[PDB]
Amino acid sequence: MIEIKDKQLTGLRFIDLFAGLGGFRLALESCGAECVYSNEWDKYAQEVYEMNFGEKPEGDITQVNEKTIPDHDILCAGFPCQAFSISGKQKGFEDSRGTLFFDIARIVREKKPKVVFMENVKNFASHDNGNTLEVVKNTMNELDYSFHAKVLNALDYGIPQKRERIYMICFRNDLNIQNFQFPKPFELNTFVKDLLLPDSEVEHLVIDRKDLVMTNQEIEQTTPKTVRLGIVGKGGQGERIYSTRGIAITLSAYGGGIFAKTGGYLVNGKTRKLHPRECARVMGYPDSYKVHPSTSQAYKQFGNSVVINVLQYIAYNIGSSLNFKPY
């Protein structure tokens, strides 16, 4: 994550729904905002969240009485994407994990915050011929909010990872916000190799497959894209090796393959998965953030997480708009 000099969100309160690792909290707090409520039902996610923030999030949001939630100015929610990912069944709203948005609507209807800040996968904008997005837009409009949505790629915001997500920002109408804008992209100057740990700390992650097949030669010039160098097995998900001179592929939470949830990388002549810490760095998490003791749960959590830097730029712009109150 980066450092924010002008704390645009100072004095504002927000709630951390579907908290997970707490990426939204890190981002909003870096801007001076105060967290007054968090919710997450995963046991292991609750443990890591408590390790880094000192409090346990409330459980299953579907069984929480919205009136119970503390007044707040901004509602943050990176809700479940498994039902919308192109890698799954795309049942969307017909999936038990695809209805959480309505829980969000339910909370908004009661608390009416100034801002609703949501996140999901890129496919959310196209899912079901765009009906899924329209449903969200209309729901928010009927709740008396403006709706701003855009897919952003982490690689355009200083992070060496290809992670395209849809960001949806909504301002309550009585605030008359007409100047909100998604941050503009900029040149990437950091690559996977620059975030790697020393070889002496990841020897155990090295994988030596006899069926490795180099499909491309290692490049010598860094580039803002994923560069596949080869594959193992049939080359499916988790069986693809990439160059550290390029950017990391998107981290997976439920993915498989021999290089499961991180993908494989060519490092100093050897192929290996990424270490939890490296996963934290590709997600913009500061080295001071404590990862969950179970590496398996750590990979899962980062796979589901958001990129801190992208949320920071957006949070700053939300604040910039809320603070423009000329006479």
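By rigid core we mean the largest C-alpha set that fits within 1.5 Å across both forms. Each residue number is its position in the shown sequence, starting from 1.
Could you tell me which of the two stretches, 110-118 or 97-105, has its Cα atoms lying farther from the shown structure in 7 other deposited structures of this protein after fitting on the rigid core? Looking at 110-118 versus 97-105 in 7 other deposited structures of this protein, the farther one turns out to be 97-105.
Determine, for stretches 317-325 and 4-12, which one has the higher mean CA B-factor as deposited. The entry gives the higher C-alpha B-factor average to 4-12.
Could you settle it for me: does 60-68 or 293-301 have the higher average Cα B factor in the PDB entry? Between 293-301 and 60-68, it is 60-68 that shows the higher mean C-alpha B-factor.
Determine which member of 135, 81, 77, 231 has the highest CA B-factor, using the values in the deposited entry. If I rank 135, 81, 77, 231 by C-alpha B-factor, first place goes to 231.
Using the entry's values, work out which of 123, 99, 250, 216 has the largest Cα B factor. In this record, 216 carries the highest C-alpha B-factor of the candidates.
Going by the recorded CA B-factors, say which third of the chain residue 184 sits in, lowest, middle or highest. CA B-factor rank for residue 184: highest third.
Please place residue 27 in the lowest, middle or highest third of its chain according to the CA B-factor in the PDB entry. It falls in the bottom third of the chain.
Give the position of residue 154 by CA B-factor within its chain, expressed as the lowest, middle or highest third. For residue 154, the deposited C-alpha B-factor lands in the lowest third.
Taking only the Cα B-factors deposited for this chain, tell me whether residue 224 sits in the lowest, middle or highest third. Highest third.
Once the chain's modelled residues are ordered by C-alpha B factor and cut into thirds, is residue 238 in the lowest, middle or highest one? Answer is middle: the recorded C-alpha B-factor places it there.
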